[PDB]
Amino acid sequence: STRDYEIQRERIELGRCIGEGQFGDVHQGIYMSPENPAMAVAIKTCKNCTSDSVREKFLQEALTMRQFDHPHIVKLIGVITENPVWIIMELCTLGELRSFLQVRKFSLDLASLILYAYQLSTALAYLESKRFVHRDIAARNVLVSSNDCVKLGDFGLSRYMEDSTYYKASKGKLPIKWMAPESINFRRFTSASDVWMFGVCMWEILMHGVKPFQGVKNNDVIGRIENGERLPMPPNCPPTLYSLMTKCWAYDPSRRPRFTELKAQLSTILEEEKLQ
Ligand SMILES: Nc1ncnc2c1ncn2[C@@H]1O[C@H](COP(=O)(O)OP(=O)(O)NP(=O)(O)O)[C@@H](O)[C@H]1O
Ligand SMILES: [Mg+2]
């Protein structure tokens with residue numbers, strides 16, 4: 001056996017640019033075979049892939065993704081390691097969640113919103129059981145496969161915990177408004193701080209891709225949160241769901257539900273919504 005991720009460039013047809021990553025343009029394209037063929041893919045490119053250091057940082061997402069196999073985590077298809085260096089993944093054809101929600105607003109009901117939240121909770125309980133911390137949970141990093149299916153991507157910041165306590169910190173303009181207080185205060189990242197971010201993500205989804213604490217300053221937000229202030233209940237969010245969100249935003253990370261618990265409660269809230 002042994003899964004070989006090295007793909008041949010002849011099997012790839014490069015299509016149009018569909019976005020931008022930190023290392024370069026992302027394209028859609030086609031991955032081909034003589035048999036079991038025509039597969040639409042996303043292709044991340046890398047501007048400066050001649051530098052060992054840039055190349056190493058870029059291919060690390062791919063290294064992290066070869067560990068995962070989940071219906072709601074973006075799948076790694078392979079890599080081309082010869083220059084120009086490419087990362088090949090399954091295409092999420094409907095794109096970014098924020099854009100999708102803002103536009104498909106009048107074609108989606110409440111049950112679809114809770115479903116997306118539920119699907120993400122299964123991907124995160126999966127990571128939680130593998131002792132993997134994401135660190136960048138936000139609707140901006142959720143992608144849409146189809147109308148009834150979202151997937152977590154962006155594994156650039158994702159780290160494997162030896163289960164031992166925290167992660168450290170390197171560099172980057174921190175998404176303060178999504179961050180748990182102990183991540184802002186101690187640069188501490190755990191499954192519990194992922195849960196905090198997921199609560200903010202759920203809020204976003206329920207607000208149809210509106211951003212948390214808009215018009216508020218990154219330094220005023222920290223103080224608001226300490227003083228006990230929380231993001232308001234979204235319009236037509238069920239009281240049971242908002243209660244769930246508020247538990248995710250417990251200042252003490254030990255008081256926050258685990259993902260395995262959130263998964264079960266969302267499943268129950270989803271049935272009640274579809275039922276009533
Ligand atoms: N599998 C995919 N399918 C469709 N679009 C994708 C896919 N992967 C990436 N993209 C697009 O590329 C954009 C950036 O992807 P992402 O993984 O968040 O890159 P990044 O370098 O980590 N950017 P950042 O969010 O700042 O950390 C996404 O918002 C999508 O528009
Ligand atoms: Mg990233």
# chains A, B, ... in the order shown; residues from 1 in each chain; ligands from 1
>>> residues_near_ligand(ligand="ligand 2", cutoff="7 Å", atoms="only C-alpha atoms and all ligand atoms", output="list in words")
residues 136, 154, 155, 156 and 157 of chain A
>>> residues_near_ligand(ligand="ligand 1", cutoff="8 Å", atoms="only C-alpha atoms and all ligand atoms", output="PyMOL selection string")
chain A and resi 18-28+41-44+74-75+89-96+136+140-144+153-157
>>> write_last_selection(atoms="N, CA and C atoms", output="compact mmCIF listing (two decimals), in the first residue's frame")
# COMPACT_ATOMS: atom_id res chain seq x y z
N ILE A 18 -10.14 31.99 -8.83
CA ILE A 18 -11.37 32.02 -8.02
C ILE A 18 -11.19 32.70 -6.67
N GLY A 19 -9.94 33.01 -6.33
CA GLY A 19 -9.65 33.74 -5.12
C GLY A 19 -8.16 33.99 -4.95
N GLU A 20 -7.81 34.44 -3.75
CA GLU A 20 -6.43 34.74 -3.37
C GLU A 20 -6.16 34.15 -2.01
N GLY A 21 -5.01 33.49 -1.87
CA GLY A 21 -4.51 33.07 -0.57
C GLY A 21 -3.32 33.93 -0.19
N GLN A 22 -2.71 33.62 0.95
CA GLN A 22 -1.55 34.36 1.44
C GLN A 22 -0.32 34.19 0.55
N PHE A 23 -0.23 33.05 -0.13
CA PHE A 23 0.93 32.72 -0.96
C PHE A 23 0.72 32.99 -2.46
N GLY A 24 -0.52 33.26 -2.85
CA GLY A 24 -0.85 33.50 -4.25
C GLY A 24 -2.30 33.26 -4.64
N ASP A 25 -2.57 33.35 -5.93
CA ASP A 25 -3.90 33.08 -6.49
C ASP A 25 -4.33 31.63 -6.34
N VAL A 26 -5.62 31.44 -6.12
CA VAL A 26 -6.23 30.13 -6.10
C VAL A 26 -7.04 30.07 -7.39
N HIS A 27 -6.94 28.95 -8.09
CA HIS A 27 -7.66 28.74 -9.33
C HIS A 27 -8.61 27.56 -9.19
N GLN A 28 -9.68 27.57 -9.97
CA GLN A 28 -10.38 26.34 -10.24
C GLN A 28 -9.68 25.66 -11.42
N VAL A 41 -11.40 20.73 -9.35
CA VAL A 41 -10.51 20.95 -8.21
C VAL A 41 -10.21 22.43 -8.03
N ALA A 42 -9.78 22.77 -6.81
CA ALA A 42 -9.16 24.03 -6.50
C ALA A 42 -7.65 23.84 -6.48
N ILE A 43 -6.95 24.85 -6.99
CA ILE A 43 -5.50 24.81 -7.08
C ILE A 43 -4.93 26.07 -6.45
N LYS A 44 -4.29 25.90 -5.30
CA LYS A 44 -3.55 26.99 -4.67
C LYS A 44 -2.18 27.09 -5.32
N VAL A 74 -12.41 20.10 3.98
CA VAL A 74 -11.88 20.16 2.62
C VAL A 74 -10.77 19.13 2.42
N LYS A 75 -10.93 18.33 1.37
CA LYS A 75 -10.09 17.17 1.09
C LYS A 75 -8.85 17.56 0.30
N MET A 89 -6.90 20.52 -4.25
CA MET A 89 -7.94 20.10 -3.32
C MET A 89 -9.27 19.94 -4.00
N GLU A 90 -10.24 19.35 -3.30
CA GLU A 90 -11.59 19.26 -3.85
C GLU A 90 -12.14 20.69 -3.95
N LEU A 91 -12.75 21.00 -5.09
CA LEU A 91 -13.39 22.29 -5.30
C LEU A 91 -14.67 22.35 -4.49
N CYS A 92 -14.83 23.42 -3.71
CA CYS A 92 -16.12 23.75 -3.12
C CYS A 92 -16.76 24.79 -4.03
N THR A 93 -17.59 24.31 -4.95
CA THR A 93 -18.03 25.07 -6.13
C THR A 93 -18.87 26.31 -5.86
N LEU A 94 -19.61 26.33 -4.76
CA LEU A 94 -20.39 27.53 -4.43
C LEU A 94 -19.61 28.62 -3.66
N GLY A 95 -18.36 28.32 -3.30
CA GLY A 95 -17.44 29.32 -2.75
C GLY A 95 -17.54 29.61 -1.27
N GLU A 96 -17.19 30.84 -0.90
CA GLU A 96 -17.12 31.30 0.50
C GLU A 96 -18.52 31.41 1.11
N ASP A 136 -8.32 29.33 13.48
CA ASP A 136 -8.86 30.33 12.55
C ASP A 136 -10.31 30.02 12.14
N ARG A 140 -15.47 33.17 7.16
CA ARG A 140 -14.60 33.49 6.02
C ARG A 140 -13.82 32.26 5.54
N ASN A 141 -13.63 31.28 6.43
CA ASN A 141 -12.86 30.08 6.12
C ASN A 141 -13.74 28.85 5.98
N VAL A 142 -15.05 29.07 5.85
CA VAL A 142 -16.01 28.01 5.57
C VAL A 142 -16.42 28.13 4.13
N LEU A 143 -16.43 26.99 3.45
CA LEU A 143 -16.71 26.94 2.03
C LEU A 143 -17.93 26.07 1.76
N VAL A 144 -18.56 26.30 0.61
CA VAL A 144 -19.84 25.70 0.31
C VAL A 144 -19.67 24.72 -0.84
N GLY A 153 -12.22 24.79 5.78
CA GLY A 153 -10.91 24.81 5.18
C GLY A 153 -9.94 25.66 6.00
N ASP A 154 -8.95 26.21 5.31
CA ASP A 154 -7.87 27.02 5.89
C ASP A 154 -7.15 26.35 7.06
N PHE A 155 -6.21 25.48 6.73
CA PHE A 155 -5.39 24.79 7.72
C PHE A 155 -3.95 25.31 7.74
N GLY A 156 -3.79 26.60 7.45
CA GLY A 156 -2.50 27.28 7.54
C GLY A 156 -2.03 27.49 8.97
N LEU A 157 -2.98 27.78 9.87
CA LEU A 157 -2.68 28.04 11.29
C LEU A 157 -2.88 26.82 12.21
>>> residues_around(residues="residue 130 (chain A)", least_positions_apart="4", cutoff="9 Å", atoms="only C-alpha atoms", output="ChimeraX atom specification")
/A:125-126,160-161
>>> select_by_dssp(residues="region 26-217 of chain A", states="helix (DSSP H, G or I)", output="ChimeraX atom specification")
/A:52-65,97-103,105-107,110-129,139-141,176-178,181-186,191-206
>>> closest_residue(among="A:47, A:177, A:55, A:217", to="residue 201 (chain A)", atoms="only C-alpha atoms")
A:177
>>> select_by_dssp(residues="region 138-210 of chain A", states="strand (DSSP E or B)", output="PyMOL selection string")
chain A and resi 142-146+149-152+159-160
>>> closest_atom_pairs(of="region 83-154 of chain A", to="region 186-189 of chain A", cutoff="12 Å", atoms="only C-alpha atoms", output="JSON lines")
{"residue": "A:131", "atom": "CA", "partner": "A:189", "partner_atom": "CA", "distance": 11.7}
{"residue": "A:132", "atom": "CA", "partner": "A:189", "partner_atom": "CA", "distance": 10.4}
{"residue": "A:133", "atom": "CA", "partner": "A:189", "partner_atom": "CA", "distance": 7.2}
{"residue": "A:134", "atom": "CA", "partner": "A:189", "partner_atom": "CA", "distance": 8.8}
{"residue": "A:135", "atom": "CA", "partner": "A:189", "partner_atom": "CA", "distance": 6.8}
{"residue": "A:136", "atom": "CA", "partner": "A:189", "partner_atom": "CA", "distance": 10.4}
{"residue": "A:137", "atom": "CA", "partner": "A:189", "partner_atom": "CA", "distance": 11.9}
>>> write_last_selection(atoms="C-alpha atoms", output="PDB file, in the first residue's frame")
ATOM      1  CA  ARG A 131      -6.103  16.714  19.365  1.00  0.00           C
ATOM      2  CA  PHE A 132      -6.024  19.210  16.521  1.00  0.00           C
ATOM      3  CA  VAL A 133      -6.580  22.913  17.111  1.00  0.00           C
ATOM      4  CA  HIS A 134      -7.700  25.007  14.118  1.00  0.00           C
ATOM      5  CA  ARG A 135      -7.125  28.563  15.480  1.00  0.00           C
ATOM      6  CA  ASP A 136      -8.863  30.331  12.555  1.00  0.00           C
ATOM      7  CA  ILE A 137     -12.518  29.330  12.867  1.00  0.00           C
TER       8      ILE A 137
END
>>> residues_around(residues="residue 206 (chain A)", least_positions_apart="5", cutoff="9 Å", atoms="only C-alpha atoms", output="list in words")
residues 110, 113, 114, 201, 234, 235, 236 and 237 of chain A
>>> atom_distance(atom1="CA of residue 194 (chain A)", atom2="CA of residue 59 (chain A)")
23.5 Å
>>> residues_around(residues="residue 231 (chain A)", least_positions_apart="5", cutoff="12 Å", atoms="only C-alpha atoms", output="list in words")
residues 177, 178, 199, 200, 201, 202, 203, 204, 206, 207, 210, 211, 212, 213, 214, 216, 221, 224, 225, 242, 243, 245, 246, 248 and 249 of chain A
>>> write_last_selection(atoms="N, CA, C and O atoms", output="mmCIF file, in the first residue's frame")
data_model
loop_
_atom_site.group_PDB
_atom_site.id
_atom_site.type_symbol
_atom_site.label_atom_id
_atom_site.label_comp_id
_atom_site.auth_asym_id
_atom_site.auth_seq_id
_atom_site.Cartn_x
_atom_site.Cartn_y
_atom_site.Cartn_z
ATOM 1 N N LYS A 177 -11.600 39.848 17.132
ATOM 2 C CA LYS A 177 -13.033 39.755 17.395
ATOM 3 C C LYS A 177 -13.602 38.327 17.408
ATOM 4 O O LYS A 177 -14.704 38.106 17.926
ATOM 5 N N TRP A 178 -12.851 37.368 16.852
ATOM 6 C CA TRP A 178 -13.234 35.959 16.903
ATOM 7 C C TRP A 178 -12.565 35.220 18.066
ATOM 8 O O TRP A 178 -12.980 34.119 18.434
ATOM 9 N N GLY A 199 -18.624 29.644 18.307
ATOM 10 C CA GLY A 199 -19.791 30.387 18.770
ATOM 11 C C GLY A 199 -19.963 31.677 17.998
ATOM 12 O O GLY A 199 -21.070 32.022 17.601
ATOM 13 N N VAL A 200 -18.859 32.390 17.788
ATOM 14 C CA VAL A 200 -18.840 33.589 16.950
ATOM 15 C C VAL A 200 -19.186 33.242 15.487
ATOM 16 O O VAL A 200 -19.961 33.948 14.850
ATOM 17 N N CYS A 201 -18.614 32.157 14.970
ATOM 18 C CA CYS A 201 -18.948 31.672 13.641
ATOM 19 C C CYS A 201 -20.451 31.382 13.495
ATOM 20 O O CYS A 201 -21.053 31.775 12.502
ATOM 21 N N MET A 202 -21.045 30.700 14.480
ATOM 22 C CA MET A 202 -22.487 30.399 14.482
ATOM 23 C C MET A 202 -23.321 31.672 14.450
ATOM 24 O O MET A 202 -24.349 31.737 13.776
ATOM 25 N N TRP A 203 -22.874 32.672 15.196
ATOM 26 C CA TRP A 203 -23.508 33.983 15.213
ATOM 27 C C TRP A 203 -23.519 34.593 13.812
ATOM 28 O O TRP A 203 -24.560 35.049 13.342
ATOM 29 N N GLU A 204 -22.348 34.588 13.165
ATOM 30 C CA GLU A 204 -22.154 35.064 11.797
ATOM 31 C C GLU A 204 -23.110 34.401 10.829
ATOM 32 O O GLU A 204 -23.731 35.075 10.011
ATOM 33 N N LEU A 206 -25.903 32.824 11.457
ATOM 34 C CA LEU A 206 -27.254 33.271 11.813
ATOM 35 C C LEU A 206 -27.538 34.737 11.457
ATOM 36 O O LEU A 206 -28.685 35.113 11.241
ATOM 37 N N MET A 207 -26.489 35.553 11.388
ATOM 38 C CA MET A 207 -26.601 36.930 10.907
ATOM 39 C C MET A 207 -26.413 37.059 9.383
ATOM 40 O O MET A 207 -26.302 38.166 8.860
ATOM 41 N N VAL A 210 -22.796 38.617 8.361
ATOM 42 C CA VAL A 210 -22.456 39.905 8.959
ATOM 43 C C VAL A 210 -21.354 39.654 9.987
ATOM 44 O O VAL A 210 -21.382 38.641 10.691
ATOM 45 N N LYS A 211 -20.379 40.561 10.046
ATOM 46 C CA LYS A 211 -19.207 40.408 10.918
ATOM 47 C C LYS A 211 -19.479 40.844 12.355
ATOM 48 O O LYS A 211 -20.223 41.809 12.579
ATOM 49 N N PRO A 212 -18.864 40.137 13.330
ATOM 50 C CA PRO A 212 -18.954 40.451 14.756
ATOM 51 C C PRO A 212 -18.316 41.796 15.089
ATOM 52 O O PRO A 212 -17.272 42.136 14.526
ATOM 53 N N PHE A 213 -18.956 42.543 15.991
ATOM 54 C CA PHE A 213 -18.412 43.788 16.541
ATOM 55 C C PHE A 213 -17.962 44.755 15.453
ATOM 56 O O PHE A 213 -16.844 45.285 15.502
ATOM 57 N N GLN A 214 -18.823 44.962 14.462
ATOM 58 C CA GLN A 214 -18.535 45.916 13.403
ATOM 59 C C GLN A 214 -18.594 47.350 13.953
ATOM 60 O O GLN A 214 -19.467 47.677 14.759
ATOM 61 N N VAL A 216 -16.576 48.556 16.029
ATOM 62 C CA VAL A 216 -15.954 48.530 17.357
ATOM 63 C C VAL A 216 -14.454 48.287 17.226
ATOM 64 O O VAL A 216 -14.012 47.546 16.363
ATOM 65 N N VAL A 221 -12.980 45.923 22.338
ATOM 66 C CA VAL A 221 -13.677 44.636 22.356
ATOM 67 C C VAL A 221 -13.220 43.734 23.508
ATOM 68 O O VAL A 221 -14.052 43.108 24.170
ATOM 69 N N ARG A 224 -14.875 45.009 26.668
ATOM 70 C CA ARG A 224 -16.303 44.692 26.638
ATOM 71 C C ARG A 224 -16.571 43.258 27.083
ATOM 72 O O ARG A 224 -17.459 43.011 27.905
ATOM 73 N N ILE A 225 -15.785 42.334 26.534
ATOM 74 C CA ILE A 225 -15.884 40.900 26.831
ATOM 75 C C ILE A 225 -15.592 40.559 28.300
ATOM 76 O O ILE A 225 -16.322 39.775 28.904
ATOM 77 N N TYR A 242 -29.273 30.342 20.960
ATOM 78 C CA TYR A 242 -28.528 31.442 21.548
ATOM 79 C C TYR A 242 -27.949 31.074 22.916
ATOM 80 O O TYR A 242 -26.841 31.473 23.251
ATOM 81 N N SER A 243 -28.701 30.297 23.688
ATOM 82 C CA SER A 243 -28.228 29.777 24.966
ATOM 83 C C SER A 243 -26.953 28.952 24.756
ATOM 84 O O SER A 243 -25.966 29.097 25.496
ATOM 85 N N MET A 245 -24.875 29.297 22.229
ATOM 86 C CA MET A 245 -23.809 30.245 21.854
ATOM 87 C C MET A 245 -23.163 30.884 23.075
ATOM 88 O O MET A 245 -21.940 30.964 23.162
ATOM 89 N N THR A 246 -23.998 31.316 24.017
ATOM 90 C CA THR A 246 -23.531 31.995 25.218
ATOM 91 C C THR A 246 -22.657 31.093 26.092
ATOM 92 O O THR A 246 -21.728 31.570 26.740
ATOM 93 N N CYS A 248 -20.692 28.883 24.810
ATOM 94 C CA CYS A 248 -19.434 28.858 24.073
ATOM 95 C C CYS A 248 -18.593 30.062 24.479
ATOM 96 O O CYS A 248 -17.373 30.022 24.390
ATOM 97 N N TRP A 249 -19.254 31.129 24.919
ATOM 98 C CA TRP A 249 -18.555 32.363 25.261
ATOM 99 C C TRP A 249 -18.341 32.532 26.771
ATOM 100 O O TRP A 249 -18.288 33.655 27.286
#
>>> closest_residue(among="A:61, A:174, A:14, A:148", to="residue 219 (chain A)", atoms="only C-alpha atoms")
A:174
>>> closest_residue(among="A:239, A:181, A:232, A:175", to="residue 253 (chain A)", atoms="only C-alpha atoms")
A:181
>>> residues_around(residues="residue 70 (chain A)", least_positions_apart="3", cutoff="12 Å", atoms="only C-alpha atoms", output="count of residues only")
21
>>> residues_around(residues="residue 85 (chain A)", least_positions_apart="4", cutoff="8 Å", atoms="only C-alpha atoms", output="list in words")
residues 45, 46, 49, 55, 79, 80 and 81 of chain A
>>> closest_residue(among="A:223, A:208, A:31, A:165", to="residue 103 (chain A)", atoms="only C-alpha atoms")
A:208
>>> closest_residue(among="A:229, A:218, A:274, A:77", to="residue 4 (chain A)", atoms="only C-alpha atoms")
A:77
